[PDB]
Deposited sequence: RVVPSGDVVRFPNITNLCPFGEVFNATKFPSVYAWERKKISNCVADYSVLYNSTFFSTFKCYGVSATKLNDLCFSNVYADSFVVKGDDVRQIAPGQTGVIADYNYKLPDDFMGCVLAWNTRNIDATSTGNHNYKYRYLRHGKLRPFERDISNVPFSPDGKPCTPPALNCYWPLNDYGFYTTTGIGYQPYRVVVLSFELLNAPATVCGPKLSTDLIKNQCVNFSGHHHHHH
């Protein structure tokens, strides 16, 4: 039901600090996403989109963020990019939907000690040392990990912003179903 304020949200977090939503206590009609001629991509893994109304889950969870359009390809299981490693990683056996649409009408982490777990998040802004030293403020070998996109109306559609919502699904009596 409340997708009207998840896909139609005034603004969105950006990818280092994405976060979820619940569809509990609902009945869901996913056609408001089937019949949406404005979605740039609609990539579901492990479940057929047009029969999602057939199914029943306990909860649905939607992660919301904003990526450069050329990295939409890496919100997907088993990808390799900076966004997939330090900001938002999808599981190998992931099942769910990645929806991306144009937002031309926001920061991202690019330095971290190791890769993220699937569905894990890193919110800290602490100076980065390439080999593990506590970095004294703006000295040497010191870099803050987070970093902005700096989107403008006038340049490449790949370099334009894109809003991305990732739906994942689910025991007990299922609480959200289709009509």
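Novice: Wait, which stretches of the deposited chain are just not there in the structure?
Specialist: Unmodelled stretches, in sequence order: 1-17, 123-132, 198-199, 209-230.
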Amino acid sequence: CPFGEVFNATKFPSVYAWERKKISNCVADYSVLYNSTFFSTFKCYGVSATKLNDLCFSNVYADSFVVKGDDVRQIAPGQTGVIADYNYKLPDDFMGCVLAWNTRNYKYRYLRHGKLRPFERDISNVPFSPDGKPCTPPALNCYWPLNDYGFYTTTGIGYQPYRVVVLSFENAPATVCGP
From here on, numbers count along this sequence of modelled residues.
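Novice: Pick between 38-46 and 138-146: the one whose mean CA B-factor in the entry is higher.
Specialist: Taking the mean C-alpha B-factor of 38-46 and of 138-146, the larger value falls to 138-146.
Novice: Mean C-alpha B-factor higher for 108-116, or for 129-137?
Specialist: Higher mean C-alpha B-factor: 129-137.
Novice: Go through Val67, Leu52, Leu33, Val27 one by one and give the residue whose Cα B-factor in the PDB entry is largest.
Specialist: That would be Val27.
Novice: Taking only the Cα B-factors deposited for this chain, tell me whether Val15 sits in the lowest, middle or highest third.
Specialist: For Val15, the deposited C-alpha B-factor lands in the middle third.
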